[PDB]
């Protein structure tokens, strides 16, 4: 079935808890597989050790720049970037998991979890999953953000992987 993956997140090396995500491989298989493998680290790189570097309250928590740790980097398992698979899933509310990008057909590894309905991002960002458990952890992450996206603590994905 659809993969279940997890992110264990700390704030300054203190655990916040676990976010479990369902990846909608039934709808966006290529995008789901990219994220799944970056969670396991099975290609030799991925999310473990990377940070939620851009967190904006009442908007979203963005992570996944595991190369540059600032929003300029990341890589897909396929290559530097891969195309927008489809825009079938929409930014319907909090808990939506979606790909960050630098314009059309530039998906890499950066992703975000919405904390509100971000419907102005429909048709530009590929939605590929949602939070199954740990929205309380997402709200903890959000509380360390700011209007500019700067975080007041270092929010690290200290472990991540696949549950099923």
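Residue numbers count along the first chain shown, from 1.
The PDB entry reports B-factors from which the mean C-alpha value can be compared for 39 to 47 and 58 to 66; the larger average falls on 39 to 47. For the pair 103 to 111 and 119 to 127, the mean B factor over Cα atoms is greater in 119 to 127. Per-chain ranking of the deposited C-alpha B factor places residue 88 in the highest third.
The PDB entry assigns residue 27 a C-alpha temperature factor belonging to the highest third of its chain's modelled residues. Among all modelled residues in its chain, residue 20 ranks in the middle third by Cα B-factor.
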